[PDB]
Amino acid sequence: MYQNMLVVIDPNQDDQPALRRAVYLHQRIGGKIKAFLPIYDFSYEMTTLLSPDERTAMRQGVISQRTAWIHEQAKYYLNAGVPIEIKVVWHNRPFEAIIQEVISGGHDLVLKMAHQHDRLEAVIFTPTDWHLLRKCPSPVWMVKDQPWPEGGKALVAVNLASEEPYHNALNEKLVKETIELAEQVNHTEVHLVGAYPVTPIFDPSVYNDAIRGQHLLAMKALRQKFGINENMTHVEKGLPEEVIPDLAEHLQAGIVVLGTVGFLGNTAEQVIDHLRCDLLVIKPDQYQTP
Amino acid sequence: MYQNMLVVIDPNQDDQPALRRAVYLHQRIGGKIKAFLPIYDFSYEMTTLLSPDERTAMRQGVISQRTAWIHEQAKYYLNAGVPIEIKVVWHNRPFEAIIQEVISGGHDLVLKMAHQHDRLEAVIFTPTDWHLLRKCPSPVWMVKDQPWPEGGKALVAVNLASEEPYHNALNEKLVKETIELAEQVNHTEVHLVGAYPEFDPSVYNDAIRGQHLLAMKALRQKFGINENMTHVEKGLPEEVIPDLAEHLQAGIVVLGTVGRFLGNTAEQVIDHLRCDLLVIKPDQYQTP
Ligand SMILES: CCCCCCCCCCCC(=O)CC(=O)O
Ligand SMILES: CCCCCCCCCCCC(=O)CC(=O)O
């Protein structure tokens with residue numbers, strides 16, 4: 001139950017909110033913590049300049065000092081007694097190194113930091129962030145560099161819509177892995193959100209209350225196995241890429257759980273891009289990464 | 001020579017800065033314009049139950065609705081006589097649909113819109129923007145939704161540092177395709193930037209920088225540019241290029257990338273910039 005965390009280190013700043021969040025989690029749930037950082041310098045392939053002696057001496061010469069850096073930035077935690085393993089890998093293509101360390105390693109979680117400049121604008125993602133969000137097999141927890149709202153709320157977005165049988169397991173996993181988590185922190189404020197589209201321009205009006213006929217019910221099929229009753233479940237219409245973020249904001253939600261199976265969701269990509277809170281994509285298992 | 005433009009329509013707002021820029025270009029360079037927009041609706045995803053017929057009907061009604069919508073936003077350009085071609089394709093994964101239309105129609109340039117709130121802040125890119133920036137065989141012009149700097153300035157970033165001759169071919173492609181274009185549009189000023197990063201480092205630094213001044217002076221005088229507009233700095237390009245670009249009054253920056261997708265080396269350069277972007281594939285570059 002989330003007890004082997006992989007923390008992605010940002011080499012461009014000193015504060016690592018991913019690490020801090022990992023520690024906060026460790027204080028409530030426990031597990032391992034691995035400060036990971038793929039590093040690289042352009043100096044290593046200019047072969048016309050440095051023979052292998054100089055270039056590899058410098059290759060290890062970066063790794064050592066940046067490992068020292070991560071130590072100097074995890075020092076208070078280490079001295080306080082937090083079991084943090086530090087590992088700096090020499091790698092081009094960062095996201096690749098991260099995913100490989102996830103698979104070889106044995107990880108429950110990946111915690112990376114995302115930026116937010118202004119209070120009510122969306123969080124800023126990098127290509128690396130996106131690669132992880134669609135290729136990383138482990139549940140990815142994107143942690144924004146902004147403090148958690150004092151009213152803690154977890155939000156679960158469900159693909160209620162499609163009657164397909166692989167979206168059902170993912171739903172129940174999303175909820176279950178959220179309930180086993182919220183209980184263990186806590187707060188334990190778990191909301192359930194569905195989003196369905198009403199088709200606007202044979203009578204169209206039947207399709208509408210049919211779409212909603214399934215949605216209200218399917219949403220509630222989750223709930224009575226999972227005991228989340230009506231008060232914090234939401235079924236609204238409009239576009240998911242707008243329905244769930246503003247909802248998350250009016251709700252004062254600090255995190256949202258997302259599910260993707262397989263670009264991987266332009267339906268969900270647009271959802272992510274206009275988000276202003278923490279993100280937890282749980283790719284369901286039973287999936288293999290390229 | 002960019003005379004068959006593909007304009008990506010943002011379906012979440014009404015103003016299309018990509019279209020506006022495309023027209024602006026059309027007035028000085030000429031060519032065609034194709035207003036493109038990939039769309040998809042969840043109803044088509046509902047296998048049950050809409051009988052295949054009405055599902056195609058609602059498909060047709062969404063396509064029709066967006067054709068009317070895009071028509072209604074370019075009419076001031078259309079009635080005035082701008083050859084704007086509208087084509088709405090039905091696709092769930094937009095970047096795929098865009099690249100397919102690029103290769104199928106053979107387009108010279110793709111103009112898409114990126115947001116920027118604030119000055120001295122970075123530009124915001126979408127997943128679609130990133131797929132296009134690394135898989136689109138044609139030059140991609142990301143146009144921010146902010147007015148062009150009143151002092152027009154163009155900047156070209158080259159991988160001078162690493163010696164291999166296809167990065168050289170790509171370099172001069174960048175250069176030629178930037179000046180021959182600025183020349184025909186607004187006579188803007190095209191700058192060129194390099195970035196550079198027994199035991200003894202002190203020799204290594206001045207060996208690399210000795211190299212950069214080499215290659216920069218090798219490039220510049222084939223293109224008849226002045227040393228007054230060549231710049232070579234040390235530090236990381238992902239930090240070097242934006243500070244210069246803002247200090248230089250740059251409105252756009254031309255980038256050179258080869259697939260084997262785009263390295264993190266330049267990806268970081270892209271995420272941190274605050275002006276228009278023009279990514280150029282070496283050609284031919286083959287999209288999967
Ligand atoms: C589905 C997620 C349910 C658990 C949410 C985790 C709560 C995190 C609280 C963060 C508190 C902080 O602001 C960190 C700190 O003070 O160092
Ligand atoms: C490499 C590209 C260099 C060519 C310069 C392009 C100039 C475009 C300036 C846009 C002028 C406007 O401000 C008109 C508008 O509102 O779109």
# chains A, B, ... in the order shown; residues from 1 in each chain; ligands from 1

call {"tool": "residues_around", "arguments": {"residues": "region 58-70 of chain A", "least_positions_apart": "3", "cutoff": "9 Å", "atoms": "only C-alpha atoms", "output": "ChimeraX atom specification"}}
result
/A:9,11,14,35,37,39-41,43-44,53-55,73-75,86-90

call {"tool": "write_last_selection", "arguments": {"atoms": "N, CA and C atoms", "output": "CSV table (one decimal), in the first residue's frame"}}
result
chain,number,residue,atom,x,y,z
A,9,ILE,N,13.8,14.5,-8.6
A,9,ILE,CA,14.4,15.8,-8.1
A,9,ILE,C,14.6,16.8,-9.2
A,11,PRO,N,16.6,19.7,-10.6
A,11,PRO,CA,18.0,20.2,-10.5
A,11,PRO,C,18.2,21.7,-10.8
A,14,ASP,N,16.3,24.6,-5.3
A,14,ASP,CA,16.7,24.0,-4.1
A,14,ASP,C,15.6,23.3,-3.4
A,35,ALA,N,15.3,9.4,-3.5
A,35,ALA,CA,15.6,10.7,-4.2
A,35,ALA,C,16.3,10.4,-5.5
A,37,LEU,N,17.4,11.3,-9.6
A,37,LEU,CA,17.7,12.4,-10.5
A,37,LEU,C,18.6,12.0,-11.6
A,39,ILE,N,20.9,13.0,-14.5
A,39,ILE,CA,21.7,14.2,-14.8
A,39,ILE,C,22.5,13.9,-16.1
A,40,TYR,N,22.9,15.0,-16.7
A,40,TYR,CA,23.7,14.9,-18.0
A,40,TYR,C,24.3,16.2,-18.3
A,41,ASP,N,25.5,16.1,-18.9
A,41,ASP,CA,26.2,17.3,-19.4
A,41,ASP,C,26.7,17.0,-20.8
A,43,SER,N,29.2,17.8,-22.3
A,43,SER,CA,30.6,17.6,-22.3
A,43,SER,C,31.0,16.1,-22.6
A,44,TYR,N,30.1,15.2,-22.3
A,44,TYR,CA,30.4,13.8,-22.4
A,44,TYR,C,30.6,13.2,-23.8
A,53,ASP,N,39.3,9.4,-20.6
A,53,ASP,CA,39.8,9.7,-19.3
A,53,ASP,C,39.1,11.0,-18.7
A,54,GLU,N,39.3,12.1,-19.4
A,54,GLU,CA,38.7,13.3,-18.9
A,54,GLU,C,37.2,13.3,-18.9
A,55,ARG,N,36.6,12.8,-20.0
A,55,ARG,CA,35.1,12.8,-20.1
A,55,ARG,C,34.4,11.9,-19.0
A,73,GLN,N,20.5,18.9,0.7
A,73,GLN,CA,19.1,19.4,0.7
A,73,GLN,C,18.2,18.4,1.3
A,74,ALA,N,18.7,17.3,1.7
A,74,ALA,CA,17.8,16.3,2.5
A,74,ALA,C,18.4,16.1,3.8
A,75,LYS,N,19.4,16.9,4.2
A,75,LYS,CA,20.1,16.8,5.4
A,75,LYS,C,19.3,16.8,6.7
A,86,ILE,N,19.5,8.0,-1.9
A,86,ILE,CA,19.8,9.0,-3.0
A,86,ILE,C,20.5,8.3,-4.2
A,87,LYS,N,20.0,8.5,-5.4
A,87,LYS,CA,20.5,7.9,-6.6
A,87,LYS,C,20.5,8.8,-7.8
A,88,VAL,N,21.7,9.2,-8.2
A,88,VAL,CA,21.9,10.1,-9.4
A,88,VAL,C,22.4,9.3,-10.6
A,89,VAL,N,21.5,9.2,-11.6
A,89,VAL,CA,21.9,8.4,-12.8
A,89,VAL,C,22.3,9.3,-13.9
A,90,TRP,N,23.3,8.9,-14.7
A,90,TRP,CA,23.7,9.6,-15.9
A,90,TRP,C,22.9,9.2,-17.1

call {"tool": "residues_near_ligand", "arguments": {"ligand": "ligand 2", "cutoff": "6 Å", "atoms": "only C-alpha atoms and all ligand atoms", "output": "NGL selection string"}}
result
:B and (20-21 or 147-148 or 154 or 178 or 182 or 185-186)

call {"tool": "select_by_dssp", "arguments": {"residues": "region 87-251 of chain A", "states": "helix (DSSP H, G or I)", "output": "PyMOL selection string"}}
result
chain A and resi 94-105+127-135+166-185+205-226+240-250

call {"tool": "closest_residue", "arguments": {"among": "A:228, A:277, A:160, A:235", "to": "chain B", "atoms": "only C-alpha atoms"}}
result
A:160

call {"tool": "select_by_dssp", "arguments": {"residues": "region 10-255 of chain A", "states": "strand (DSSP E)", "output": "MDAnalysis selection string"}}
result
chainID A and resid 32:39 84:90 109:114 140:144 154:158 190:196 233:237 255

call {"tool": "write_last_selection", "arguments": {"atoms": "C-alpha atoms", "output": "JSON list (two decimals), in the first residue's frame"}}
result
[["chain", "number", "residue", "atom", "x", "y", "z"],
["A", 32, "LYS", "CA", 10.65, 3.75, 1.25],
["A", 33, "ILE", "CA", 11.77, 7.00, -0.33],
["A", 34, "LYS", "CA", 14.20, 7.27, -3.23],
["A", 35, "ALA", "CA", 15.55, 10.67, -4.25],
["A", 36, "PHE", "CA", 16.12, 10.09, -7.94],
["A", 37, "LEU", "CA", 17.72, 12.44, -10.45],
["A", 38, "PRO", "CA", 18.82, 11.81, -14.03],
["A", 39, "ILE", "CA", 21.69, 14.17, -14.82],
["A", 84, "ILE", "CA", 16.00, 8.39, 2.09],
["A", 85, "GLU", "CA", 18.10, 6.61, -0.54],
["A", 86, "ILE", "CA", 19.81, 8.98, -2.99],
["A", 87, "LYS", "CA", 20.54, 7.91, -6.57],
["A", 88, "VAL", "CA", 21.89, 10.08, -9.39],
["A", 89, "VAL", "CA", 21.87, 8.42, -12.79],
["A", 90, "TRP", "CA", 23.72, 9.63, -15.89],
["A", 109, "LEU", "CA", 4.65, 6.00, -6.50],
["A", 110, "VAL", "CA", 6.35, 8.73, -8.48],
["A", 111, "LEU", "CA", 6.33, 12.20, -6.95],
["A", 112, "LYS", "CA", 7.34, 15.09, -9.21],
["A", 113, "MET", "CA", 7.03, 18.85, -8.78],
["A", 114, "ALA", "CA", 4.95, 21.09, -11.02],
["A", 140, "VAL", "CA", 2.01, 9.34, -10.72],
["A", 141, "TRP", "CA", 1.45, 12.04, -8.13],
["A", 142, "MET", "CA", 2.13, 15.49, -9.55],
["A", 143, "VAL", "CA", 2.73, 17.82, -6.60],
["A", 144, "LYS", "CA", 2.36, 21.56, -7.22],
["A", 154, "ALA", "CA", -9.80, 14.35, -2.62],
["A", 155, "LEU", "CA", -11.57, 14.18, -5.96],
["A", 156, "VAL", "CA", -12.15, 11.16, -8.17],
["A", 157, "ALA", "CA", -12.97, 11.66, -11.84],
["A", 158, "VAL", "CA", -14.64, 8.64, -13.42],
["A", 190, "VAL", "CA", -13.43, 11.81, -0.86],
["A", 191, "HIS", "CA", -15.64, 13.28, -3.57],
["A", 192, "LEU", "CA", -16.88, 11.42, -6.64],
["A", 193, "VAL", "CA", -17.31, 13.27, -9.91],
["A", 194, "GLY", "CA", -18.72, 12.19, -13.21],
["A", 195, "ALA", "CA", -18.87, 14.32, -16.30],
["A", 196, "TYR", "CA", -21.22, 13.74, -19.21],
["A", 233, "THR", "CA", -20.82, 12.50, -5.42],
["A", 234, "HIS", "CA", -21.33, 14.80, -8.35],
["A", 235, "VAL", "CA", -22.93, 14.27, -11.71],
["A", 236, "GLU", "CA", -22.90, 17.47, -13.87],
["A", 237, "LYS", "CA", -22.92, 18.21, -17.64],
["A", 255, "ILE", "CA", -5.98, 16.84, -5.21]]

call {"tool": "residues_near_ligand", "arguments": {"ligand": "ligand 1", "cutoff": "7 Å", "atoms": "only C-alpha atoms and all ligand atoms", "output": "ChimeraX atom specification"}}
result
/A:20-21,24,147-148,152,154,178,181-182,185-188,255-257

call {"tool": "closest_atom_pairs", "arguments": {"of": "chain B", "to": "chain A", "cutoff": "10 Å", "atoms": "only C-alpha atoms", "output": "Markdown table"}}
result
| residue | atom | partner | partner_atom | distance |
| --- | --- | --- | --- | --- |
| B:40 | CA | A:267 | CA | 9.6 |
| B:41 | CA | A:197 | CA | 8.7 |
| B:42 | CA | A:197 | CA | 7.2 |
| B:43 | CA | A:199 | CA | 7.5 |
| B:45 | CA | A:162 | CA | 7.7 |
| B:46 | CA | A:162 | CA | 6.9 |
| B:47 | CA | A:162 | CA | 8.8 |
| B:48 | CA | A:163 | CA | 8.5 |
| B:49 | CA | A:207 | CA | 9.0 |
| B:50 | CA | A:207 | CA | 8.8 |
| B:54 | CA | A:202 | CA | 8.6 |
| B:58 | CA | A:201 | CA | 8.0 |
| B:61 | CA | A:201 | CA | 6.8 |
| B:62 | CA | A:201 | CA | 7.5 |
| B:64 | CA | A:201 | CA | 9.9 |
| B:65 | CA | A:201 | CA | 7.9 |
| B:92 | CA | A:266 | CA | 7.3 |
| B:93 | CA | A:266 | CA | 6.3 |
| B:94 | CA | A:266 | CA | 7.8 |
| B:95 | CA | A:263 | CA | 8.5 |
| B:96 | CA | A:263 | CA | 9.3 |
| B:117 | CA | A:121 | CA | 9.5 |
| B:121 | CA | A:117 | CA | 8.8 |
| B:122 | CA | A:124 | CA | 9.7 |
| B:123 | CA | A:124 | CA | 9.8 |
| B:124 | CA | A:124 | CA | 7.4 |
| B:125 | CA | A:125 | CA | 8.3 |
| B:126 | CA | A:273 | CA | 7.1 |
| B:127 | CA | A:269 | CA | 7.1 |
| B:128 | CA | A:263 | CA | 8.0 |
| B:130 | CA | A:127 | CA | 7.2 |
| B:131 | CA | A:263 | CA | 8.4 |
| B:161 | CA | A:46 | CA | 8.5 |
| B:162 | CA | A:46 | CA | 6.5 |
| B:163 | CA | A:46 | CA | 7.8 |
| B:196 | CA | A:42 | CA | 9.1 |
| B:197 | CA | A:42 | CA | 7.4 |
| B:198 | CA | A:54 | CA | 9.1 |
| B:199 | CA | A:54 | CA | 7.6 |
| B:200 | CA | A:54 | CA | 9.3 |
| B:201 | CA | A:54 | CA | 9.7 |
| B:204 | CA | A:49 | CA | 7.9 |
| B:207 | CA | A:49 | CA | 8.1 |
| B:208 | CA | A:49 | CA | 8.3 |
| B:236 | CA | A:42 | CA | 9.7 |
| B:261 | CA | A:93 | CA | 10.0 |
| B:262 | CA | A:93 | CA | 9.4 |
| B:263 | CA | A:93 | CA | 6.8 |
| B:264 | CA | A:93 | CA | 6.1 |
| B:265 | CA | A:42 | CA | 8.8 |
| B:267 | CA | A:127 | CA | 7.4 |
| B:268 | CA | A:126 | CA | 8.2 |
| B:270 | CA | A:126 | CA | 9.9 |
| B:271 | CA | A:126 | CA | 7.0 |
| B:272 | CA | A:126 | CA | 9.9 |

call {"tool": "atom_distance", "arguments": {"atom1": "CA of residue 153 (chain B)", "atom2": "CA of residue 188 (chain B)"}}
result
5.7 Å

call {"tool": "atom_distance", "arguments": {"atom1": "CA of residue 260 (chain B)", "atom2": "CA of residue 286 (chain B)"}}
result
10.1 Å

call {"tool": "residues_around", "arguments": {"residues": "residue 102 (chain B)", "least_positions_apart": "4", "cutoff": "12 Å", "atoms": "only C-alpha atoms", "output": "number ranges by chain"}}
result
B: 4-8, 34, 36, 95-98, 106-111, 132, 135-140, 287

call {"tool": "closest_residue", "arguments": {"among": "A:12, A:258, A:91, A:56", "to": "residue 177 (chain A)", "atoms": "only C-alpha atoms"}}
result
A:258

call {"tool": "decode", "arguments": {"residues": "region 130-154 of chain A", "atoms": "N, CA and C atoms", "output": "PDB file, in the first residue's frame"}}
result
ATOM      1  N   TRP A 130       4.584  15.212 -19.013  1.00  0.00           N
ATOM      2  CA  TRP A 130       3.562  14.585 -19.819  1.00  0.00           C
ATOM      3  C   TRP A 130       3.939  13.151 -20.125  1.00  0.00           C
ATOM      4  N   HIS A 131       5.207  12.920 -20.444  1.00  0.00           N
ATOM      5  CA  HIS A 131       5.707  11.577 -20.697  1.00  0.00           C
ATOM      6  C   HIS A 131       5.400  10.673 -19.524  1.00  0.00           C
ATOM      7  N   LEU A 132       5.681  11.154 -18.316  1.00  0.00           N
ATOM      8  CA  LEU A 132       5.384  10.367 -17.127  1.00  0.00           C
ATOM      9  C   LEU A 132       3.886  10.142 -17.002  1.00  0.00           C
ATOM     10  N   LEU A 133       3.113  11.196 -17.221  1.00  0.00           N
ATOM     11  CA  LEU A 133       1.666  11.079 -17.109  1.00  0.00           C
ATOM     12  C   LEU A 133       1.024  10.107 -18.109  1.00  0.00           C
ATOM     13  N   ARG A 134       1.676   9.820 -19.237  1.00  0.00           N
ATOM     14  CA  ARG A 134       1.118   8.838 -20.178  1.00  0.00           C
ATOM     15  C   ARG A 134       1.940   7.556 -20.368  1.00  0.00           C
ATOM     16  N   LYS A 135       3.216   7.557 -19.989  1.00  0.00           N
ATOM     17  CA  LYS A 135       4.000   6.328 -20.121  1.00  0.00           C
ATOM     18  C   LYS A 135       4.421   5.646 -18.816  1.00  0.00           C
ATOM     19  N   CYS A 136       4.452   6.382 -17.710  1.00  0.00           N
ATOM     20  CA  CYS A 136       4.895   5.797 -16.444  1.00  0.00           C
ATOM     21  C   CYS A 136       3.839   4.878 -15.841  1.00  0.00           C
ATOM     22  N   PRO A 137       4.165   3.581 -15.716  1.00  0.00           N
ATOM     23  CA  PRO A 137       3.264   2.508 -15.266  1.00  0.00           C
ATOM     24  C   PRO A 137       2.761   2.691 -13.844  1.00  0.00           C
ATOM     25  N   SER A 138       3.563   3.342 -13.012  1.00  0.00           N
ATOM     26  CA  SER A 138       3.205   3.546 -11.618  1.00  0.00           C
ATOM     27  C   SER A 138       2.268   4.731 -11.466  1.00  0.00           C
ATOM     28  N   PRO A 139       1.437   4.714 -10.413  1.00  0.00           N
ATOM     29  CA  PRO A 139       0.601   5.879 -10.128  1.00  0.00           C
ATOM     30  C   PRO A 139       1.471   7.109  -9.970  1.00  0.00           C
ATOM     31  N   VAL A 140       1.216   8.128 -10.776  1.00  0.00           N
ATOM     32  CA  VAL A 140       2.012   9.338 -10.720  1.00  0.00           C
ATOM     33  C   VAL A 140       1.289  10.425  -9.941  1.00  0.00           C
ATOM     34  N   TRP A 141       1.972  10.952  -8.932  1.00  0.00           N
ATOM     35  CA  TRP A 141       1.448  12.042  -8.125  1.00  0.00           C
ATOM     36  C   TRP A 141       2.202  13.332  -8.430  1.00  0.00           C
ATOM     37  N   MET A 142       1.615  14.154  -9.287  1.00  0.00           N
ATOM     38  CA  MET A 142       2.128  15.486  -9.551  1.00  0.00           C
ATOM     39  C   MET A 142       1.788  16.413  -8.389  1.00  0.00           C
ATOM     40  N   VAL A 143       2.839  16.928  -7.754  1.00  0.00           N
ATOM     41  CA  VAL A 143       2.733  17.816  -6.601  1.00  0.00           C
ATOM     42  C   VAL A 143       3.094  19.252  -6.960  1.00  0.00           C
ATOM     43  N   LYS A 144       2.120  20.152  -6.891  1.00  0.00           N
ATOM     44  CA  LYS A 144       2.361  21.555  -7.215  1.00  0.00           C
ATOM     45  C   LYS A 144       3.140  22.254  -6.109  1.00  0.00           C
ATOM     46  N   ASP A 145       3.888  23.292  -6.473  1.00  0.00           N
ATOM     47  CA  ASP A 145       4.686  24.035  -5.506  1.00  0.00           C
ATOM     48  C   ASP A 145       3.832  25.077  -4.790  1.00  0.00           C
ATOM     49  N   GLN A 146       2.663  24.650  -4.328  1.00  0.00           N
ATOM     50  CA  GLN A 146       1.770  25.520  -3.577  1.00  0.00           C
ATOM     51  C   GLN A 146       1.226  24.740  -2.387  1.00  0.00           C
ATOM     52  N   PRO A 147       1.002  25.424  -1.255  1.00  0.00           N
ATOM     53  CA  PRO A 147       0.562  24.737  -0.036  1.00  0.00           C
ATOM     54  C   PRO A 147      -0.806  24.070  -0.174  1.00  0.00           C
ATOM     55  N   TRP A 148      -0.974  22.928   0.485  1.00  0.00           N
ATOM     56  CA  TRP A 148      -2.242  22.210   0.498  1.00  0.00           C
ATOM     57  C   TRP A 148      -3.319  23.052   1.182  1.00  0.00           C
ATOM     58  N   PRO A 149      -4.531  23.095   0.601  1.00  0.00           N
ATOM     59  CA  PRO A 149      -5.663  23.847   1.161  1.00  0.00           C
ATOM     60  C   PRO A 149      -6.018  23.325   2.555  1.00  0.00           C
ATOM     61  N   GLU A 150      -6.385  24.185   3.503  1.00  0.00           N
ATOM     62  CA  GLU A 150      -6.553  23.736   4.884  1.00  0.00           C
ATOM     63  C   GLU A 150      -7.750  22.796   4.972  1.00  0.00           C
ATOM     64  N   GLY A 151      -8.678  22.949   4.033  1.00  0.00           N
ATOM     65  CA  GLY A 151      -9.779  22.019   3.938  1.00  0.00           C
ATOM     66  C   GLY A 151      -9.405  21.001   2.897  1.00  0.00           C
ATOM     67  N   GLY A 152      -8.962  19.855   3.394  1.00  0.00           N
ATOM     68  CA  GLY A 152      -8.513  18.778   2.547  1.00  0.00           C
ATOM     69  C   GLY A 152      -9.655  18.084   1.853  1.00  0.00           C
ATOM     70  N   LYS A 153      -9.514  17.921   0.544  1.00  0.00           N
ATOM     71  CA  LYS A 153     -10.502  17.209  -0.247  1.00  0.00           C
ATOM     72  C   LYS A 153      -9.875  16.455  -1.407  1.00  0.00           C
ATOM     73  N   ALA A 154     -10.271  15.196  -1.540  1.00  0.00           N
ATOM     74  CA  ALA A 154      -9.798  14.354  -2.621  1.00  0.00           C
ATOM     75  C   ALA A 154     -10.925  14.208  -3.622  1.00  0.00           C
TER      76      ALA A 154
END
